[PDB]
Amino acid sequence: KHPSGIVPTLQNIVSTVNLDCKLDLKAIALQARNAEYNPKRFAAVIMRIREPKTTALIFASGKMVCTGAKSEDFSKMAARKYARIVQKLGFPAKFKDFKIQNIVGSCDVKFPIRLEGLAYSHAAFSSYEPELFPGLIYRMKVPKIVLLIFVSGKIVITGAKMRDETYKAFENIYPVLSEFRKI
């Protein structure tokens, strides 16, 4: 499923899960080790674990966001660990509705790209304003994925909830990148 022969590397996974119980954030922040909590900044306890290296945003509602994992399985493993920490803290946390919300991948086609030409020829999908951001923003419709395309041939693919969307979006764009290889 990689005709290009290049497989985008997953770099970040964002997931959510419902602990299914109300949490006392200050009690958690006071008890937990590597946990931060400033209500005036964000209504969540920010906690981190080393393996899988991730950051969790824990809310009073019992909902939790897990960020930074390198794979879907790693994101799920990390989330289970946070649920266990919360449990050991004294809350009857469960693990309801776990869901992958965003997958970020990146790759390198190893050749420079003519961003302006690519954008001009794909006006309905591209946003290229180099003075604001060096990368061309390609908003693909099928699959509905966003790709950041740089002059270097480096590519960021984001917005997928399944890794196949990340791969499909890359495969879809590969021939286009070739058409606009900078000579």
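Counting begins at 1, following the sequence as shown. The term rigid core refers to the most C-alpha atoms you can superpose between the two forms while keeping them within 1.5 Å.
Exercise. Do you reckon 32 to 40 or 149 to 157 strays further from the shown form in 8 other deposited structures of this protein, measuring C-alpha RMS after a core fit?
Worked result: Between 32 to 40 and 149 to 157, the one lying farther away in 8 other deposited structures of this protein is 32 to 40.
For this session: Identify the stretch, either 27 to 35 or 44 to 52, whose C-alpha atoms have the larger mean B-factor according to the entry.
Result: According to the entry, 27 to 35 carries the higher average C-alpha B-factor.
Exercise. When the C-alpha temperature factors are averaged for each of 80 to 88 and 98 to 106, which stretch ends up with the higher value in the entry?
Worked result: Of 98 to 106 and 80 to 88, the stretch with the higher C-alpha B-factor average is 80 to 88.
Exercise. Between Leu57, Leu136, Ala124, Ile155, which one tops the list for C-alpha B-factor in the PDB entry?
Worked result: Of the candidates given, the C-alpha B-factor peaks at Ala124.
Problem set entry | Highest-ranked of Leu10, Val14, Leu19, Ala160 once sorted by CA temperature factor in the record | Answer, based on the entry's C-alpha B-factors: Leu19.
Exercise. Lowest, middle or highest third: where is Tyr128 by Cα B-factor in its chain?
Worked result: Middle third - that is where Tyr128 ends up once the chain's C-alpha B-factors are sorted.
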